[PDB]
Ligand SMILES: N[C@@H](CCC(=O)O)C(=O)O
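Take a look at this single chain, the form solved without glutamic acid, given in structure tokens.
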């Protein structure tokens, strides 16, 4: 009977043959991009076919079988509406509306404590989606690079848990939110930083990754790791931001010395070098599009949805999503978990890394911040997104009132 065969009659509504562009247009409406790394054999074979047969340009039955047979499983799920969001085109129109609504919210202040971020216009606003099946959508300024800043904190925590395990990592860092009075304290009662998402905790996490090698290799180790999480889309580095972050980081130096004195680091830690490494990790650059793929790896249990590659252990991803839930949005963490109920991490450059587990990852970026440090338009977008769709952690998948569920339905 044959899968390439059946798939074949699906797209050939009636005629004996399929226009190439008709196949492509139907393929894009799944949400996949033609550049998807799991589709390269079929796409090369299609480009090749346009060369060796300029006459159609069209695909007989064993011809189309020749192109798609190597990527047939993925192509079948895509076309039999088996993806996690089957009517992706309708969903993206909602995302676009949410985008436009948030664009009207013009408040907030751009971070200005170093000139590498006071240059960023307050009117850039970008949102990117990548589902657990690699379906993609973007609107606004989603290819402009910006620094992860604290959005890097769960990514490096995930790396440490992946290489070292939960039990070892949390000998060094706690696993719960401070409470809003303990905002300003470096250590909890057990002389550990409260959790990996506060600066002091991220500084200790930074100190456990790849112990014993030097900083250059430590950085390459982590960059290699972010590449895989992003399915090899753009991961960069801002020396300009790193230089300025290192010359105005008095409070992180205050933290570093206190942790050294309280013996918070592993035996043999060069605290000043760990601080240097920490500033580097804050200066790693992404776009909305590449960061959204990183979020989707977290949404997808540690597998990069656009490569199929296993990147992080389930243990690492579960721990990470737990702490983003409860500690990821600074003093707004409790409010955010209550009203949004999604694991999220914000950073001072205006990014909000966001995870809808089992569904999708997003990156929202708009430089202006509210008093707590969260992007105004990202915060507004996140509330709206959950008002509209039953993605809240404690929404019910069967009884959800007037909320829309994009995992379903005609």
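Residue numbers count along the first chain shown, from 1.
Just so you know, the form deposited with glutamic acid bound exists too; it's not on screen, but the next bit is about it.
Exercise. Check 150, 252 and 348: does every one of them have a heavy atom within 4.5 Å of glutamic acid in the entry with it bound?
Worked result: Every listed residue reaches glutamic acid in the entry with it bound, so yes.
Exercise. Looking at 302 to 310, 132 to 140, 277 to 285, 96 to 104, which lies within 4.5 angstroms of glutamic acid in the entry with it bound, counting heavy atoms?
Worked result: Single hit among the candidates: 277 to 285.
For this session: Using a 4.5 Å heavy atom cut-off, state whether residue 330 contacts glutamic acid in the entry with it bound.
Result: Close contact exists here: in the entry with it bound, residue 330 approaches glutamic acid to within 4.5 Å, heavy atoms only.
For this session: Indicate whether residue 199 is a 4.5 Å heavy atom neighbour of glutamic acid in the entry with it bound.
Result: Residue 199: contacts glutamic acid in the entry with it bound.
Exercise. Given that the partner is absent here, does residue 113 sit within 4.5 Å of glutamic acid in the entry with it bound, heavy atoms only?
Worked result: Yes, residue 113 sits close enough to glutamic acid in the entry with it bound that at least one of its heavy atoms falls within 4.5 Å.
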